[PDB]
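Single chain ahead, written as structure tokens, the form deposited in one PDB entry.
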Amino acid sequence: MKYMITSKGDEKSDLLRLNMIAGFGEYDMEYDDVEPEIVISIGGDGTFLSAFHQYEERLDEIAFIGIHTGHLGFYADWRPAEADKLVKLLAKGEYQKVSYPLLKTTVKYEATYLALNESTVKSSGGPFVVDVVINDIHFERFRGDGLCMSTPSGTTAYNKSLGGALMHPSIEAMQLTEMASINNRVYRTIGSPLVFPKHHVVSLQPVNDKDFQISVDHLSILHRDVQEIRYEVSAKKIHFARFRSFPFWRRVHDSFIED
């Protein structure tokens, strides 16, 4: 079927990509990087994140597969030595598809973004102060370095370093964590991470400065004259092609405990 392969760009990944293309030539597989039905990422989690955003407008028609030649490879569930077995199983097809929830970010002044890991907000230089509104209800005034809204699969990423909880991706939710919040007699935040279900809307509203540095996964953009930053669980989902059992908690164990 229609497929494409992205590469980290280094020697090991560029070479591995060519061998898989040569192997796919022995089957009824057409290379097409415009409308691929299967996107193969060869590299690290950053490479996989690039492949996702490269095709984030055809997520309902694409199944992703990660091969890690990098260092950690959380979204990758294939080693380079297993590449030929992956080519054959992919050709036969009839695999299983697994879907992870995604995060929608809306910035009004309006631009929308889609995240696989998380979306964070910081100030453009001065102090960061925003009012946190949950479902039109004012919840807190946050003063600190910033805030991080994570997907379930993103909870093992930036969310984890901020003290957030690790969520199983079958839970359609988003998690808000704090970055170095000020808490004294005058300033007060919840402190704890917050896990929101589907259809809950978290809105960040400026207090004084209206310029923020907003990141969505890898890319980070300076936004000016911001009136509102809106977070919610996206209706879109990323789809993985799973050819064997690799449970999320074993993936967590192998990445943080021992492998």
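Residues that one form lacks are left out of the comparison. For every residue, the number given is its place in the sequence shown, counted from 1. Rigid core (definition): largest C-alpha set, two forms, superposition within 1.5 Å.
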item	value
Other compared entries missing residue 191, a third or more	no
Other entries modelling both neighbours but not residue 44, at least a third	no
Unmodelled deposited residues flanked by residue 109 on one side and residue 110 on the other	4 to 9
Greater mean Cα temperature factor according to the PDB record, 126 to 134 or 149 to 157	126 to 134
Stretch with the greater mean C-alpha B-factor as recorded in the entry, comparing 26 to 34 against 41 to 49	26 to 34
Top Cα B factor in the deposited entry, candidates 94, 178, 118, 140	94
168, 104, 188, 85, ranked by C-alpha B-factor: the highest one	85
Third of the chain, ranked by Cα B-factor, where residue 244 sits	highest
CA B-factor ranking of residue 12, expressed as a third of its chain	highest
Lowest, middle or highest third - CA B-factor, residue 201	lowest
Residue 4, C-alpha B-factor rank within chain (lowest, middle or highest third)	middle
Third of the chain's Cα B-factor distribution that residue 219 belongs to, per the entry	highest
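One more form of this protein exists, namely the form deposited in another entry; it is left out here, but the text below deals with it.
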query	finding
Out of 96, 135, 161, 184, the residue that alone shifts its CA by 2 Å or more between the shown form and the other one when the rigid core is the reference	184
Regions of at least 3 residues displaced between the shown form and the other one by 2 angstroms or more (CA, core superposed)	71 to 73, 183 to 187, 245 to 247
